[PDB]
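The chains referred to below are lettered A, B, ... by the order of the sequence lines, with proteins before strands, and numbering in each begins at 1. As the structure lists them, so they are numbered: ligands from 1, and atoms in each ligand from 1. What you see below is based on every heavy atom in this structure, not just the backbone, and it leaves out hydrogens, waters and symmetry mates.
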Amino acid sequence: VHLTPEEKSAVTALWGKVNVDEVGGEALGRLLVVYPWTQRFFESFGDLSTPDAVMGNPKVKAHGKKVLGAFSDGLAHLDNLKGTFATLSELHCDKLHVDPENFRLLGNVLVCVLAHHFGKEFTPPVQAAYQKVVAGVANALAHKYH
Amino acid sequence: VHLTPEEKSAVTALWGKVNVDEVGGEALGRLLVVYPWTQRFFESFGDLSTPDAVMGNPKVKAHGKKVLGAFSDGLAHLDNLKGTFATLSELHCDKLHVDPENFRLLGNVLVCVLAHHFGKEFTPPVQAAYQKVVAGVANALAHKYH
Amino acid sequence: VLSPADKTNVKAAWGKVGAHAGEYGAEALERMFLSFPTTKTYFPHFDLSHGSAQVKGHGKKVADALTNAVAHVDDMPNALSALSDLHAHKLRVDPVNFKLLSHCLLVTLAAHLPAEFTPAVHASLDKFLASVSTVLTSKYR
Amino acid sequence: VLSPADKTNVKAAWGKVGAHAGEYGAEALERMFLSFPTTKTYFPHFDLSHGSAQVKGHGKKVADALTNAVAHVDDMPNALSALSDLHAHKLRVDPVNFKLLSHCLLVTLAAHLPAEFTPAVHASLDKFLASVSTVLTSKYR
Ligand code: HEM
Ligand code: HEM
Ligand code: HEM
Ligand code: HEM
């Protein structure tokens, strides 16, 4: 993805303050709440029938940590996302059967979460930079679909 | 855009039978009828309030020819759509102020026009190849937007 | 919002389709799976090869639903009530995909109905498929 | 469809916004122009630099429209009649752009309402903004 060096620096500076464990659970939980149809992939997680059940579900929290840990690794290779997420793309297509539109939804929910978490520090230019990142990650994850 | 060799052959073969002038006026006309908000760029063309008016407008016909002629030229450079369309992308962004979503809409209308014209020859695999081409051209035209 | 002209147009076009409705349903599906491969993510249990009986069978069900929608164009939300429930609470297909199938249905109809697929009818059919889509996703949240 | 809970959530969040509506509307616009540059194609007559007078004035008009919508949540098609007409027949903004602005309005609200922006309220606001976008594009064709 083409971020400028000042965009790259802003993205990394902010990410160093993120607790991936907390943010991961919040982001995946909000996705399941705001866009309920995404629950279709997680029937194995148990009760997701109300917002309180979703946000308190330990499997949702654990999975959120995994997802955002993989995202975090990806931020070290902004110049080669395709390469970093290649195996994961194949897994999401062939084994998990996840419609890539879901990666885009998660991207926007994550941007909301960062804004909620950091408030005024999540400025318009910092947002713009993260929008490029989340689009890039979604595109990388969708690359091996067939 | 990557087309497999059989896709390339299918695209080229069908296009050899297309009358750009006719197909161009039909695709642009249908765009303006099916998605009337696209008329916003063509106030100077005259009255566009009915399907018959639109389809018989000489300025719609003429512009359809121009558009599809450039598109035609791009089919000879499938390996470098971005460079081929760079100047046109900058023009559409900086001078004409055309939302790139319009390029996606015209692509799908063009697919429907080819199907209408060619019937059974426009098979599922041939459509798939053309969907790749129209998406590539749309992305190319959108590339220099800023 | 469908106008009387739209309803008139859809009823005439769908009428010429007639007994081939199921056949066209299957072809639209095949066009979708090939043109937009991400849609296959909702059919992991299907054999998606050319001429699959599951595809032919599912195409028939989709077509029969559309025929019912056309018959009940003035009260689609009740006529499709069972389907909208099934899509919202069970199948849970992301709404973007409805646009993809709609496009492929238009392409299919265009390829089979040269004389009837005028710009006016194309426009009415597009609105009609968008309204059906809207009904099928109306109970998602 | 907005439930009673959705309406309560929206009313509570927008009330907290109160006198800052206009400031937040301008911020949402700046967020959109920077994050989604294609949206700039509809404002070639504007100075889009940070803090511009046109952006400030427009943000206030957008915010006031949303305040009106919240107050007329059960009667939105009538309350937004003039705006639906204007967008459909004069401005003619492609429908895809409404979701870009809606996202940037959500981000803006998140950034300003730490206590109030719970997962339930986030969902209700997203639904509310989709409903507003639907009304504004309802007369397009
Ligand atoms: C930022 C985008 C995402 C990333 C980086 C990501 C990453 C991952 C990783 C690392 C795994 C574990 C793979 C393994 O070793 O088995 C996984 C599994 C999975 N992901 Fe994704 N994910 C993303 C988005 C999504 C979204 C949006 C969905 C669906 C809405 C999804 C659905 C799943 C499911 C169902 C599993 C398997 C869960 C299980 O083991 O039961 N992912 N993902
Ligand atoms: C396949 C995609 C398209 C291609 C290849 C294309 C190509 C062109 C070309 C070659 C020109 C003439 C530029 C010049 O004067 O040097 C042009 C002009 C223009 N195009 Fe595009 N175009 C495309 C799609 C569209 C669409 C979808 C719209 C809006 C619905 C649009 C709006 C315009 C307008 C308003 C002009 C100027 C017309 C005039 O001054 O007479 N174009 N385009
Ligand atoms: C015009 C739009 C559509 C209509 C009218 C429609 C209608 C139907 C009908 C009638 C059924 C059978 C229900 C039953 O057997 O009781 C069905 C099932 C199903 N639909 Fe939808 N559908 C539409 C669009 C979509 C789209 C866009 C997708 C996703 C790409 C989709 C995915 C499915 C799936 C996965 C099933 C279950 C198939 C099975 O296991 O047999 N449908 N639909
Ligand atoms: C939440 C959805 C939106 C609402 C409530 C809204 C509301 C408004 C209002 C109140 C006006 C001023 C009308 C007047 O002059 O009295 C306006 C104008 C305008 N809107 Fe929309 N708008 C929305 C979304 C959008 C979108 C997404 C775009 C395109 C990106 C857009 C483009 C415009 C433009 C170009 C004007 C004319 C501005 C000028 O020339 O001063 N709007 N809108």
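The shortest N/O to N/O separation between C:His87 and ligand 3 falls below 3.5 Å.
Counting the atoms of ligand 3 from 1 in the order shown, those under 4.0 Å from a heavy atom of C:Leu101 are 24 (C). Every atom of ligand 3 with a heavy atom of C:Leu86 under 4.0 Å away is listed here by number and element: 13 (C). Taking every heavy atom of C:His58 and a limit of under 4.0 angstrom, the matching atoms of ligand 3 come to 11 (C), 17 (C), 18 (C), 19 (C), 20 (N), 43 (N).
At most 12 non-hydrogen atoms from other residues, nucleotides or ligands lie less than 6.0 angstrom from NE2 of B:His77. Dense packing is recorded around CD of C:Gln54, with more than 12 heavy atoms of other residues, nucleotides or ligands lying under 6.0 Å away. For B:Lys144, the NZ atom is loosely surrounded, since the number of other residues' heavy atoms within 6.0 Å does not exceed 12.
At a 4.0 Å heavy-atom cut-off, ligand 3 does not touch C:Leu105 at all. Using a 4.0 Å cut-off between heavy atoms, C:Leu136 contacts ligand 3 through its side chain alone, with no backbone atom that close. Residue C:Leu83 touches ligand 3 through its side chain alone, judged by heavy-atom distances below 4.0 Å.
The closest approach between C:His45 and ligand 3 falls below 4.0 Å for a heavy atom of the residue.
Note: A:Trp15 and A:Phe71 have tilted aromatic rings, judged against thresholds of 30 and 60 degrees for the angle between ring planes. C:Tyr24 and C:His112 have parallel rings, their planes meeting at less than 30° on a 0 to 90° scale where 60° marks the start of perpendicular.
Between A:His143 and A:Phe85, the distance separating the two ring centers is not shorter than 6.0 angstrom. Residues C:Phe43 and A:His97 keep their aromatic ring centres 6.0 Å or farther apart.
Looking at heavy atoms from C-beta onward, C:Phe128 lies in side-chain contact with C:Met76 at the 4.5 angstrom threshold.
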Margin query: Is there a salt bridge (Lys or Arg N to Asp or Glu O under 4.0 Å) between C:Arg92 and A:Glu101? Walk through the geometry before answering.
Written below: CA-CA 13 Å; C:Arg92 285 167 293 189; A:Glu101 186 64 24; over 6 Å; no
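A ring-ring contact (aromatic ring centres under 6.0 Å, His included) with A:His92 is found for exactly one of A:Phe103, A:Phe41, A:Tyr145, namely A:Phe103.
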Provide, line by line, the atom pairs where ligand 1 and the protein bring an N/O atom each to a distance under 3.5 Å; else say none.
residue, atom, partner, partner atom, Å
ligand 1, 20 (N), A:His63, NE2, 3.4
ligand 1, 20 (N), A:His92, NE2, 3.1
ligand 1, 22 (N), A:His92, NE2, 3.3
ligand 1, 42 (N), A:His92, NE2, 3.3
ligand 1, 43 (N), A:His92, NE2, 3.2

